[PDB]
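Shown next as structure tokens: one chain only, the form deposited in one PDB entry.
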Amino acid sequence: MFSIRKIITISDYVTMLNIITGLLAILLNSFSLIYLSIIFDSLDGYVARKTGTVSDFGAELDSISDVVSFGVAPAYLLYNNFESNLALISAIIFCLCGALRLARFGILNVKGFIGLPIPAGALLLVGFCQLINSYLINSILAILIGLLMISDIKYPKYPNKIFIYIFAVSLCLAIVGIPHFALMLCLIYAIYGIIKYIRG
């Protein structure tokens, strides 16, 4: 009675490690594990394509992992660490905005992103929460990120190898308590998207 076992691919195990790291970010109150979740979220689609184990089941599991790691966990990390009515409302809006763009992304098959992608949104909020000691500013930022995530601002999907290279390293630095470089790279990505949008 565990016929589900015949649908699991090797890339699905990468996705489950992502679900584990995203859940443990909440359970253990760990910003560090958010950064690791971004790494696994990049690794699981890569493994699927390289091993030839792409599947509809895995595509769904990948999105479900995003809910955990990048919708719920950052909203929890905001409220847990900046406990306040404003952080409560903002965590709600953040999580809701993550949910809405994942549902839109789930019915879309376009080559870029429409709105800021949810791992970028999660990175911004978590980096802000670690380096800004103000519940008010961080609660404002959560809303701004939420609005960016459900927006029509176009964002590119494939950073070239140079950007991958230095972003990968910045994420591991963030895992070990130095998130500045990852947050700065992620801000440049987000802000450039907005400027292009306003400029036309």
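When you see a residue number, it is the position in the sequence shown, counting from 1. Think of the rigid core as the biggest set of C-alphas that the two forms share within 1.5 Å after superposition. Shifts are known only where both forms have a C-alpha.
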property	result
Higher-B stretch (mean Cα B-factor, as the entry records it), 119 to 127 or 104 to 112	104 to 112
Greater mean Cα temperature factor according to the PDB record, 24 to 32 or 154 to 162	154 to 162
Residue with maximal Cα B-factor (values as given in the PDB entry) among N138, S170, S69, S42	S42
Top residue by Cα temperature factor, when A174, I145, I64, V47 are compared in the entry	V47
Among modelled residues of the same chain, the CA temperature factor third for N133	highest
For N81, the third of its chain into which the C-alpha B factor falls	highest
Ranked C-alpha temperature factor of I178 among modelled chain residues, by third	highest
Cα B factor band for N18 (lowest, middle or highest third within the chain)	lowest
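One more form of this protein, deposited in another entry, exists but is not displayed; see below.
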| item | value |
| --- | --- |
| Out of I164, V54, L147, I132, the residue that alone shifts its CA by 2 Å or more between this form and the one not shown when the rigid core is the reference | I164 |
| Relative Cα spacing, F40 and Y165, in the other form - shift of 3 Å or more | closer |
| Once both forms are overlaid on the core, stretches between this form and the one not shown of 3 or more residues with C-alpha shifts of 2 Å or more | 159 to 166, 195 to 200 |
